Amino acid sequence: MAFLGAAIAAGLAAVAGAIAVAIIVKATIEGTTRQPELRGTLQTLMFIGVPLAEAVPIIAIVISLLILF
């Protein structure tokens, strides 16, 4: 039950984080394609946004380990 729990928590967090980053990274690739001169502005948005999007997935991962220990 602890195993199932930890797995569901880890599993959903993986999906959460991976898709979220992918959406953001795509956005900056498309924007950069549209406006090469905004490369740096766009990249900084990516670097701010990724951590924000991974925050709760990371927490859920931690909880996943707490369930396992």
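Note that residue numbering begins at 1 and tracks the sequence as displayed.
Colleague: Mind checking which third residue 17 falls in for C-alpha B-factor across the chain?
Modeller: Lowest third of the chain for residue 17's C-alpha B-factor.
Colleague: Just say lowest, middle or highest third for the CA B-factor of residue 40 relative to the other modelled residues in its chain.
Modeller: According to the entry, residue 40 has a C-alpha B-factor in the chain's middle third.
Colleague: Divide the modelled residues of the chain into thirds by Cα B-factor and specify which third, lowest, middle or highest, holds residue 48.
Modeller: Middle third.
Colleague: Quick check for you: using the entry's CA B-factors within this chain, is residue 24 in the lowest, middle or highest third?
Modeller: For residue 24, whose C-alpha B-factor we compare with every modelled residue in the chain, the answer is the lowest third.
Colleague: Would you please rank residue 59 by its C-alpha temperature factor against the other modelled residues of its chain and give the third it falls in: lowest, middle or highest?
Modeller: Answer is highest: the recorded C-alpha B-factor places it there.
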